[PDB]
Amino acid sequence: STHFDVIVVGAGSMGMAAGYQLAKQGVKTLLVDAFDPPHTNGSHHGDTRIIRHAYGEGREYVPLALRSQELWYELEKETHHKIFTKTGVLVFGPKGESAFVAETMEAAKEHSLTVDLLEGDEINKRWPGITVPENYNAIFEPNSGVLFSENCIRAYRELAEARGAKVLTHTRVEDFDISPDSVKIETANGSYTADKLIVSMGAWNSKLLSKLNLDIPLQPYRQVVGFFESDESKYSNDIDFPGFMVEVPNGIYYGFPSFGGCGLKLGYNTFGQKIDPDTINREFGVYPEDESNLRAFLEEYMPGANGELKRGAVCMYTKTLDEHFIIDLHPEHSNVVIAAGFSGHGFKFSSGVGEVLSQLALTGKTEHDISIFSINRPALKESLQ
């Protein structure tokens, strides 16, 4: 016997941010999650997340990256939880052989971002612990950095609840009942109604959006990361070792400097096992590529951080065909908002997306230009049942 103004299904990276934005405006919101955010079953754990401004995936992402950065700084001031550390982010690759590096440089240029350009030995000299061939070039962004993702969701939740938002945990939404003037969700713990619905179930979007008559290609991928014992005199955040995302002949890798001696963290971005969020094996090391792919990179580019494995984590990417996000209203229901397919690089934007989702749910529009994330774009191959 309780109606809400807005219901958010999937209170993760995007959903909890949306809940915070809605709650702050006095909007009666209900957030429902299959677990208890932040948790280790979705796509937000692993402790840290890189945030970049100069965007190699496309310069059209810069505006939202900058707005998100400002929002992260605001969150830092609103909670006791640590939110962001300005490690700066280094991007490098073979000269003339990386579209990612090239677009990163062009994005910085087009938006007048503050960055350093260096190559060959200059990279090795500036950052002891990095060893790249002389034919490698790079762009360093000193003002971007590292976000503590679990703290972000935890802070957004605590703030949202303090303002009246209700969070229903360990409740898996199984179906949706949408009408022209209301929305209703079904769960093992009961049904709820509201005026608007926000759908942000991460990897599970690939299995439940069909319940909304949507047939959009979304592939979940098993993506691991490892923390390795490193030479702290070189890889510690304290000695300014940067966060990074680089492209080498065999793919794209990303990493973080050691924080308080937790060890350098590394991940392989271009490769992962195709999986189902309900049957994925979340144990690190069950595939010999888990650890081998990482050490193959370390022994060649950051030899001093190829020590004993301290910790491992298994997480998920949810890719769209063009690897661009999906942030839009449901084509058949203006009272339903969709957030999906962040394709492995959406957390840094979660703060900004929360704001966008709030605007879409309340007004059906947003001040941000989200055209590249249209649910109707061709490269997506979207359709109905």
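Note that residue numbering begins at 1 and tracks the sequence as displayed.
Just going by the entry, 211 to 219 versus 234 to 242 on mean CA temperature factor gives the higher value to 211 to 219.
For the pair 252 to 260 and 296 to 304, the record assigns the higher mean C-alpha temperature factor to 296 to 304. Ranking 331, 42, 344, 58 by the C-alpha B-factor listed in the PDB entry places 331 at the top. Residue set 267, 288, 145, 277: peak C-alpha B-factor at 288 (per PDB entry). For residue 21, the recorded CA B-factor ranks within the lowest third of the chain. Only modelled residues enter the ranking. Annotation for residue 71: CA B-factor lies in the lowest third of the chain's modelled residues. When all modelled residues of the chain are sorted by CA temperature factor, residue 94 is found within the middle third. For residue 273, the recorded CA temperature factor ranks within the middle third of the chain's modelled residues.
In this PDB entry, the Cα temperature factor of residue 130 sits in the middle third of its chain's modelled residues.
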